[PDB]
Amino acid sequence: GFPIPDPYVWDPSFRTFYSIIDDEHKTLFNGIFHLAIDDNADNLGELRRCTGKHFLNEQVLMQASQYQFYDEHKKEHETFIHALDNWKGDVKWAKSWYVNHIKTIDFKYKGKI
């Protein structure tokens, strides 16, 4: 499936064409990047802040045009957040979860919010 970039960086293939959402995704990629390089509390903290913030803003933009698939996308966001709140050290899974998230879940909203 979806190739996990390496180095774990955001590439134009992730584009939603929503400049704001795009730039936040870039910062999130950077978050996990360091996470895999040192699973520590500070990196997790930085990523955890960045994630939840971005996850809320995207839900905000979705709710603003009453996005049809808001709930499923919100359930999704809750999942990765729960994961981050009960970390087991699985960086690979986060890497693949995050990529598959933008490409199959975020992508559903392109042209709709």
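Numbers follow the displayed sequence, beginning with 1.
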### Message
Test of understanding: from the entry's C-alpha B-factors, which stretch has the higher mean, 38-46 or 61-69?
### Response
38-46
### Message
Test of understanding: from the entry's C-alpha B-factors, which stretch has the higher mean, 82-90 or 27-35?
### Response
82-90
### Query
If you rank every modelled residue in this chain by C-alpha B factor, which third holds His54: lowest, middle or highest?
lowest
### Query
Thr16's Cα B-factor: lowest, middle or highest third of the chain?
middle
### Message
Is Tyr8 in the lowest, middle or highest third of its chain when residues are ranked by C-alpha B-factor?
### Response
highest
